[PDB]
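Next comes final30.cif, with mmCIF, C-alpha atoms and all ligand atoms.
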```cif
data_final
loop_
_atom_site.group_PDB
_atom_site.id
_atom_site.type_symbol
_atom_site.label_atom_id
_atom_site.label_comp_id
_atom_site.auth_asym_id
_atom_site.auth_seq_id
_atom_site.Cartn_x
_atom_site.Cartn_y
_atom_site.Cartn_z
ATOM 1 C CA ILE D 1 -3.409 -14.172 -9.668
ATOM 2 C CA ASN D 2 -0.487 -16.143 -8.253
ATOM 3 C CA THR D 3 -0.038 -16.974 -4.572
ATOM 4 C CA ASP D 4 3.681 -16.169 -4.562
ATOM 5 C CA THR D 5 2.567 -12.843 -6.078
ATOM 6 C CA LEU D 6 -0.286 -11.971 -3.785
ATOM 7 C CA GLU D 7 1.949 -12.931 -0.852
ATOM 8 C CA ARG D 8 4.696 -10.524 -1.991
ATOM 9 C CA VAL D 9 2.021 -7.848 -2.294
ATOM 10 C CA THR D 10 0.870 -8.452 1.268
ATOM 11 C CA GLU D 11 4.404 -8.204 2.663
ATOM 12 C CA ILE D 12 4.779 -4.895 0.756
ATOM 13 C CA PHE D 13 1.648 -3.434 2.281
ATOM 14 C CA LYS D 14 2.489 -5.027 5.636
ATOM 15 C CA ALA D 15 5.819 -3.264 5.483
ATOM 16 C CA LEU D 16 4.089 0.048 4.773
ATOM 17 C CA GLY D 17 1.700 -0.138 7.739
ATOM 18 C CA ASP D 18 4.037 1.711 10.096
ATOM 19 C CA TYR D 19 4.143 5.424 10.754
ATOM 20 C CA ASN D 20 7.905 6.005 10.710
ATOM 21 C CA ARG D 21 8.371 3.753 7.679
ATOM 22 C CA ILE D 22 5.850 5.928 5.874
ATOM 23 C CA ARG D 23 7.766 9.040 7.012
ATOM 24 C CA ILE D 24 10.987 7.557 5.638
ATOM 25 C CA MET D 25 9.293 6.591 2.347
ATOM 26 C CA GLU D 26 7.720 10.010 1.912
ATOM 27 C CA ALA D 27 11.024 11.757 2.539
ATOM 28 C CA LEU D 28 12.630 9.522 -0.074
ATOM 29 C CA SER D 29 9.844 10.434 -2.467
ATOM 30 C CA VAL D 30 11.169 13.994 -2.253
ATOM 31 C CA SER D 31 14.845 13.094 -2.586
ATOM 32 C CA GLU D 32 17.116 10.105 -2.324
ATOM 33 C CA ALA D 33 19.274 10.471 0.752
ATOM 34 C CA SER D 34 21.782 8.921 3.157
ATOM 35 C CA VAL D 35 20.829 7.382 6.499
ATOM 36 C CA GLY D 36 22.304 10.395 8.234
ATOM 37 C CA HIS D 37 20.359 12.891 6.135
ATOM 38 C CA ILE D 38 17.103 10.987 6.730
ATOM 39 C CA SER D 39 17.621 10.669 10.483
ATOM 40 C CA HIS D 40 18.256 14.445 10.580
ATOM 41 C CA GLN D 41 15.180 15.313 8.526
ATOM 42 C CA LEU D 42 12.950 13.152 10.689
ATOM 43 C CA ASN D 43 14.639 13.476 14.079
ATOM 44 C CA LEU D 44 15.048 9.697 14.437
ATOM 45 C CA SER D 45 18.125 7.755 15.457
ATOM 46 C CA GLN D 46 20.477 6.561 12.746
ATOM 47 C CA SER D 47 20.156 3.154 14.338
ATOM 48 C CA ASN D 48 16.381 3.233 14.013
ATOM 49 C CA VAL D 49 16.392 4.610 10.446
ATOM 50 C CA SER D 50 18.940 2.044 9.290
ATOM 51 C CA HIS D 51 16.912 -0.803 10.746
ATOM 52 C CA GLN D 52 13.779 0.451 8.979
ATOM 53 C CA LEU D 53 15.516 0.877 5.628
ATOM 54 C CA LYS D 54 16.803 -2.725 5.682
ATOM 55 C CA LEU D 55 13.260 -3.866 6.398
ATOM 56 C CA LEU D 56 12.015 -1.773 3.463
ATOM 57 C CA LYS D 57 14.866 -2.977 1.246
ATOM 58 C CA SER D 58 13.817 -6.537 2.169
ATOM 59 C CA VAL D 59 10.512 -6.102 0.337
ATOM 60 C CA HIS D 60 12.090 -4.135 -2.477
ATOM 61 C CA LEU D 61 10.546 -0.815 -1.564
ATOM 62 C CA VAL D 62 13.935 0.927 -1.271
ATOM 63 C CA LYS D 63 17.377 0.360 -2.739
ATOM 64 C CA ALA D 64 20.815 1.583 -1.778
ATOM 65 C CA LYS D 65 23.547 2.788 -4.111
ATOM 66 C CA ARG D 66 27.073 3.962 -3.409
ATOM 67 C CA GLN D 67 27.627 7.474 -4.729
ATOM 68 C CA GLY D 68 31.010 8.996 -3.883
ATOM 69 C CA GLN D 69 31.690 8.571 -0.156
ATOM 70 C CA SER D 70 27.999 8.106 0.683
ATOM 71 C CA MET D 71 25.527 5.240 0.631
ATOM 72 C CA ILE D 72 22.373 6.682 -0.944
ATOM 73 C CA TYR D 73 18.909 5.192 -0.465
ATOM 74 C CA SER D 74 16.075 5.764 -2.918
ATOM 75 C CA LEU D 75 12.621 4.472 -3.576
ATOM 76 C CA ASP D 76 13.191 1.275 -5.484
ATOM 77 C CA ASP D 77 11.504 2.231 -8.762
ATOM 78 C CA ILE D 78 8.649 4.197 -10.321
ATOM 79 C CA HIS D 79 6.058 1.676 -9.166
ATOM 80 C CA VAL D 80 6.882 2.428 -5.541
ATOM 81 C CA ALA D 81 6.835 6.163 -6.131
ATOM 82 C CA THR D 82 3.450 6.013 -7.868
ATOM 83 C CA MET D 83 1.951 3.691 -5.234
ATOM 84 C CA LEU D 84 2.975 5.997 -2.389
ATOM 85 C CA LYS D 85 1.918 9.184 -4.174
ATOM 86 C CA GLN D 86 -1.488 7.786 -5.041
ATOM 87 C CA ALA D 87 -2.016 6.679 -1.439
ATOM 88 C CA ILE D 88 -1.200 10.177 -0.174
ATOM 89 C CA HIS D 89 -3.441 11.774 -2.822
ATOM 90 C CA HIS D 90 -6.281 9.513 -1.690
ATOM 91 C CA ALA D 91 -5.723 10.301 1.998
ATOM 92 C CA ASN D 92 -6.018 14.016 1.243
ATOM 93 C CA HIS D 93 -9.335 14.383 -0.538
ATOM 94 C CA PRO D 94 -12.957 13.977 0.647
ATOM 95 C CA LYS D 95 -15.215 10.909 0.417
ATOM 96 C CA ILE Y 1 3.355 16.271 5.471
ATOM 97 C CA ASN Y 2 0.483 16.292 7.956
ATOM 98 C CA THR Y 3 0.118 13.841 10.837
ATOM 99 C CA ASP Y 4 -3.607 13.312 10.276
ATOM 100 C CA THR Y 5 -2.559 12.540 6.683
ATOM 101 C CA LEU Y 6 0.331 10.212 7.301
ATOM 102 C CA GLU Y 7 -1.833 8.418 9.874
ATOM 103 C CA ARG Y 8 -4.628 7.858 7.322
ATOM 104 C CA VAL Y 9 -1.987 6.522 4.945
ATOM 105 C CA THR Y 10 -0.757 4.047 7.540
ATOM 106 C CA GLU Y 11 -4.263 2.746 8.250
ATOM 107 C CA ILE Y 12 -4.712 2.283 4.467
ATOM 108 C CA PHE Y 13 -1.565 0.218 4.149
ATOM 109 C CA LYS Y 14 -2.321 -1.519 7.452
ATOM 110 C CA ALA Y 15 -5.672 -2.488 6.019
ATOM 111 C CA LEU Y 16 -3.990 -3.889 2.908
ATOM 112 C CA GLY Y 17 -1.539 -6.125 4.786
ATOM 113 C CA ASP Y 18 -3.846 -9.145 4.768
ATOM 114 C CA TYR Y 19 -3.976 -11.899 2.194
ATOM 115 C CA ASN Y 20 -7.745 -12.251 1.780
ATOM 116 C CA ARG Y 21 -8.249 -8.481 1.774
ATOM 117 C CA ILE Y 22 -5.789 -8.316 -1.100
ATOM 118 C CA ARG Y 23 -7.713 -11.112 -2.868
ATOM 119 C CA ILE Y 24 -10.946 -9.157 -2.440
ATOM 120 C CA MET Y 25 -9.310 -5.927 -3.674
ATOM 121 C CA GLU Y 26 -7.781 -7.614 -6.703
ATOM 122 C CA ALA Y 27 -11.090 -9.198 -7.657
ATOM 123 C CA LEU Y 28 -12.726 -5.783 -7.403
ATOM 124 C CA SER Y 29 -9.999 -4.386 -9.624
ATOM 125 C CA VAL Y 30 -11.356 -6.707 -12.317
ATOM 126 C CA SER Y 31 -15.028 -5.939 -11.721
ATOM 127 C CA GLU Y 32 -17.263 -4.378 -9.126
ATOM 128 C CA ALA Y 33 -19.361 -7.081 -7.530
ATOM 129 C CA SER Y 34 -21.803 -8.101 -4.796
ATOM 130 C CA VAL Y 35 -20.765 -9.842 -1.581
ATOM 131 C CA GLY Y 36 -22.236 -13.052 -2.921
ATOM 132 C CA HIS Y 37 -20.360 -12.851 -6.216
ATOM 133 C CA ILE Y 38 -17.073 -12.151 -4.403
ATOM 134 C CA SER Y 39 -17.510 -14.968 -1.888
ATOM 135 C CA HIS Y 40 -18.182 -17.317 -4.837
ATOM 136 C CA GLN Y 41 -15.158 -16.163 -6.827
ATOM 137 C CA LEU Y 42 -12.863 -16.575 -3.846
ATOM 138 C CA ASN Y 43 -14.484 -19.498 -2.039
ATOM 139 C CA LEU Y 44 -14.847 -17.521 1.208
ATOM 140 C CA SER Y 45 -17.882 -17.205 3.436
ATOM 141 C CA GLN Y 46 -20.277 -14.343 2.814
ATOM 142 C CA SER Y 47 -19.888 -13.570 6.488
ATOM 143 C CA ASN Y 48 -16.122 -13.319 6.153
ATOM 144 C CA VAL Y 49 -16.220 -11.291 2.913
ATOM 145 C CA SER Y 50 -18.765 -8.854 4.324
ATOM 146 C CA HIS Y 51 -16.678 -8.289 7.433
ATOM 147 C CA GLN Y 52 -13.595 -7.595 5.306
ATOM 148 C CA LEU Y 53 -15.405 -5.189 2.992
ATOM 149 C CA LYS Y 54 -16.653 -3.084 5.932
ATOM 150 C CA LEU Y 55 -13.085 -2.936 7.201
ATOM 151 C CA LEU Y 56 -11.922 -1.830 3.742
ATOM 152 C CA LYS Y 57 -14.806 0.636 3.434
ATOM 153 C CA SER Y 58 -13.702 2.044 6.815
ATOM 154 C CA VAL Y 59 -10.439 3.283 5.300
ATOM 155 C CA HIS Y 60 -12.095 4.338 2.071
ATOM 156 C CA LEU Y 61 -10.567 1.632 -0.069
ATOM 157 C CA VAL Y 62 -13.967 0.318 -1.217
ATOM 158 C CA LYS Y 63 -17.433 1.797 -1.573
ATOM 159 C CA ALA Y 64 -20.862 0.259 -1.905
ATOM 160 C CA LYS Y 65 -23.654 1.374 -4.212
ATOM 161 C CA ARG Y 66 -27.177 0.072 -4.658
ATOM 162 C CA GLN Y 67 -27.794 -0.984 -8.247
ATOM 163 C CA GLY Y 68 -31.174 -2.609 -8.888
ATOM 164 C CA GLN Y 69 -31.773 -5.342 -6.300
ATOM 165 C CA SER Y 70 -28.060 -5.697 -5.501
ATOM 166 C CA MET Y 71 -25.561 -3.911 -3.289
ATOM 167 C CA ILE Y 72 -22.455 -3.483 -5.452
ATOM 168 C CA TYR Y 73 -18.967 -2.936 -4.044
ATOM 169 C CA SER Y 74 -16.190 -1.288 -6.031
ATOM 170 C CA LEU Y 75 -12.737 0.048 -5.463
ATOM 171 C CA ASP Y 76 -13.313 3.487 -4.038
ATOM 172 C CA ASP Y 77 -11.704 5.553 -6.803
ATOM 173 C CA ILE Y 78 -8.902 5.650 -9.368
ATOM 174 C CA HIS Y 79 -6.262 6.266 -6.712
ATOM 175 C CA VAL Y 80 -7.019 2.906 -5.123
ATOM 176 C CA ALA Y 81 -7.023 1.137 -8.466
ATOM 177 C CA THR Y 82 -3.672 2.652 -9.458
ATOM 178 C CA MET Y 83 -2.096 1.953 -6.051
ATOM 179 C CA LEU Y 84 -3.085 -1.717 -6.169
ATOM 180 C CA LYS Y 85 -2.098 -2.189 -9.811
ATOM 181 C CA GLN Y 86 1.304 -0.623 -9.282
ATOM 182 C CA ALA Y 87 1.917 -2.835 -6.248
ATOM 183 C CA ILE Y 88 1.091 -5.953 -8.271
ATOM 184 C CA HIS Y 89 3.261 -4.770 -11.183
ATOM 185 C CA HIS Y 90 6.146 -4.291 -8.753
ATOM 186 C CA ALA Y 91 5.657 -7.719 -7.160
ATOM 187 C CA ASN Y 92 5.897 -9.341 -10.591
ATOM 188 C CA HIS Y 93 9.173 -8.102 -12.021
ATOM 189 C CA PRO Y 94 12.823 -8.769 -11.060
ATOM 190 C CA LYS Y 95 15.108 -6.722 -8.790
HETATM 191 CL CL CL R 1 16.172 11.996 -5.964
HETATM 192 CL CL CL R 2 23.215 -3.559 3.374
HETATM 193 CL CL CL R 3 -16.414 -2.591 -12.841
HETATM 194 CL CL CL R 4 -23.103 -0.803 5.347
HETATM 195 ZN ZN ZN R 5 -8.801 8.986 -4.086
HETATM 196 ZN ZN ZN R 6 8.623 -2.032 -9.820
#
```

Represent the structure of the file as structure tokens.
Amino acid sequence: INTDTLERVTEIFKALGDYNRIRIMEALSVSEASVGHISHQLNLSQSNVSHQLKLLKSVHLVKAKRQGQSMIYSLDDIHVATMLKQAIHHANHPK
Amino acid sequence: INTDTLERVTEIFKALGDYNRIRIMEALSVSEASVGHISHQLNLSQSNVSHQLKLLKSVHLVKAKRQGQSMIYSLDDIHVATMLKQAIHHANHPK
């Protein structure tokens, strides 16, 4: 399949090969949330979390939507949710 | 969720952040196959393909099964298949 495609896939997985980015993604899989709420959940700086989310948004793994007086991040779409959830499933069984 | 877990997840995604490993995985998503058959499909050395498959087997993304006089590699299980297919889906639509 296409080279522009299999390159976008590698930048997606590349982006996911980082422990705190995975922690951010897995939190978002529970609930969309603001940068402040995420940094509180994970005990990371708002500066650090914001930087990571823009990296993730760069490869279309997260998106950001104004809601009221907050900027709310979410997993981009159902593909991202399913991909992450299957990965965690696989990491948690034997063989 | 657990640190042994979210570390196994990062090594999975880490392992997938490589163009030829993705090409190998995507070929296997079409059909299980021997090292020779893969290296022919992809025009890569058998030495290179074998090295990559042992890396992938290390993080339980592929498995290897004797069948007749051949050693056949496959995607480990349905979780891996779904994860890869969702990633490629996501890479191929807009927004
Ligand atoms: Cl939500
Ligand atoms: Cl922005
Ligand atoms: Cl098959
Ligand atoms: Cl072996
Ligand atoms: Zn599995
Ligand atoms: Zn998608």

Kindly provide the residues of chain Y that approach chain D to within 12 Å, each paired with its closest atom pair and their distance in Å to one decimal, based on all atoms listed in the file, listed by chain and increasing number, as a tab-separated table.
```
residue	atom	partner	partner_atom	distance
Y:1	CA	D:26	CA	8.4
Y:2	CA	D:92	CA	9.6
Y:3	CA	D:19	CA	9.3
Y:4	CA	D:91	CA	9.1
Y:5	CA	D:91	CA	6.1
Y:6	CA	D:19	CA	7.0
Y:7	CA	D:19	CA	6.7
Y:8	CA	D:91	CA	6.0
Y:9	CA	D:91	CA	6.1
Y:10	CA	D:17	CA	4.9
Y:11	CA	D:17	CA	6.6
Y:12	CA	D:17	CA	7.6
Y:13	CA	D:17	CA	4.9
Y:14	CA	D:17	CA	4.3
Y:15	CA	D:17	CA	7.9
Y:16	CA	D:13	CA	5.7
Y:17	CA	D:14	CA	4.3
Y:18	CA	D:10	CA	5.9
Y:19	CA	D:10	CA	6.0
Y:20	CA	D:6	CA	9.3
Y:21	CA	D:10	CA	9.1
Y:22	CA	D:10	CA	7.1
Y:23	CA	D:6	CA	7.5
Y:24	CA	D:6	CA	11.1
Y:25	CA	D:6	CA	10.9
Y:26	CA	D:1	CA	8.4
Y:27	CA	D:1	CA	9.4
Y:29	CA	D:1	CA	11.8
Y:30	CA	D:1	CA	11.2
Y:42	CA	D:1	CA	11.4
Y:57	CA	D:95	CA	10.7
Y:58	CA	D:95	CA	11.0
Y:59	CA	D:91	CA	9.1
Y:60	CA	D:95	CA	7.5
Y:61	CA	D:90	CA	9.1
Y:62	CA	D:95	CA	10.8
Y:63	CA	D:95	CA	9.6
Y:76	CA	D:95	CA	8.9
Y:77	CA	D:90	CA	8.4
Y:78	CA	D:86	CA	8.8
Y:79	CA	D:86	CA	5.3
Y:80	CA	D:87	CA	7.3
Y:81	CA	D:86	CA	9.3
Y:82	CA	D:83	CA	7.1
Y:83	CA	D:83	CA	4.5
Y:84	CA	D:83	CA	7.4
Y:85	CA	D:83	CA	8.5
Y:86	CA	D:79	CA	5.3
Y:87	CA	D:9	CA	6.4
Y:88	CA	D:9	CA	6.3
Y:89	CA	D:79	CA	7.3
Y:90	CA	D:79	CA	6.0
Y:91	CA	D:8	CA	6.0
Y:92	CA	D:5	CA	6.6
Y:93	CA	D:5	CA	10.1
Y:94	CA	D:60	CA	9.8
Y:95	CA	D:60	CA	7.5
```

Do you know which residues are within 12 Å of ligand CL 2 (chain R) using all atoms listed in the file? Can you write them as an MDAnalysis selection string?
chainID D and resid 35 50:58 62:66 71:73

Nearby polymer residues, ligand CL 3 (chain R), at most 7 Å, all atoms listed in the file, as a PyMOL selection string
chain Y and resi 30-32+74

Correct to one decimal, the distance CA of residue 33 in chain D-CA of residue 70 in chain D is 9.0 Å

Quote the spacing between atom CL of ligand CL 4 (chain R) and CA of residue 38 in chain Y in Å to one decimal place.
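Calculated distance between atom CL of ligand CL 4 (chain R) and CA of residue 38 in chain Y is 16.1 Å.
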
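Between CA of residue 68 in chain D and CA of residue 34 in chain D lies a distance of 11.6 Å.
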
Could N, CA and C atoms be built for range 30-42 of chain Y and written out as a short mmCIF file (atom, residue, chain, number, x, y, z; two decimals), in the frame of the given file?
```cif
data_model
loop_
_atom_site.label_atom_id
_atom_site.label_comp_id
_atom_site.auth_asym_id
_atom_site.auth_seq_id
_atom_site.Cartn_x
_atom_site.Cartn_y
_atom_site.Cartn_z
N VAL Y 30 -10.90 -6.14 -11.05
CA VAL Y 30 -11.36 -6.71 -12.32
C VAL Y 30 -12.78 -6.26 -12.59
N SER Y 31 -13.64 -6.30 -11.56
CA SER Y 31 -15.03 -5.94 -11.72
C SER Y 31 -15.62 -5.63 -10.36
N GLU Y 32 -16.41 -4.57 -10.28
CA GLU Y 32 -17.26 -4.38 -9.13
C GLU Y 32 -18.17 -5.60 -8.97
N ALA Y 33 -18.63 -5.84 -7.75
CA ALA Y 33 -19.36 -7.08 -7.53
C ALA Y 33 -20.06 -7.07 -6.17
N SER Y 34 -21.07 -7.95 -6.04
CA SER Y 34 -21.80 -8.10 -4.80
C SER Y 34 -21.02 -8.99 -3.84
N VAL Y 35 -21.41 -8.98 -2.57
CA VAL Y 35 -20.76 -9.84 -1.58
C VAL Y 35 -20.88 -11.30 -2.01
N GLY Y 36 -22.04 -11.67 -2.54
CA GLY Y 36 -22.24 -13.05 -2.92
C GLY Y 36 -21.32 -13.45 -4.05
N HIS Y 37 -21.21 -12.58 -5.06
CA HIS Y 37 -20.36 -12.85 -6.22
C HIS Y 37 -18.89 -12.96 -5.81
N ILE Y 38 -18.46 -12.10 -4.89
CA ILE Y 38 -17.07 -12.15 -4.40
C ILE Y 38 -16.82 -13.44 -3.64
N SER Y 39 -17.70 -13.76 -2.69
CA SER Y 39 -17.51 -14.97 -1.89
C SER Y 39 -17.50 -16.23 -2.76
N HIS Y 40 -18.20 -16.20 -3.89
CA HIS Y 40 -18.18 -17.32 -4.84
C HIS Y 40 -16.87 -17.38 -5.60
N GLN Y 41 -16.44 -16.23 -6.14
CA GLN Y 41 -15.16 -16.16 -6.83
C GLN Y 41 -14.03 -16.69 -5.96
N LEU Y 42 -14.03 -16.35 -4.67
CA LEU Y 42 -12.86 -16.58 -3.85
C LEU Y 42 -13.02 -17.78 -2.94
#
```
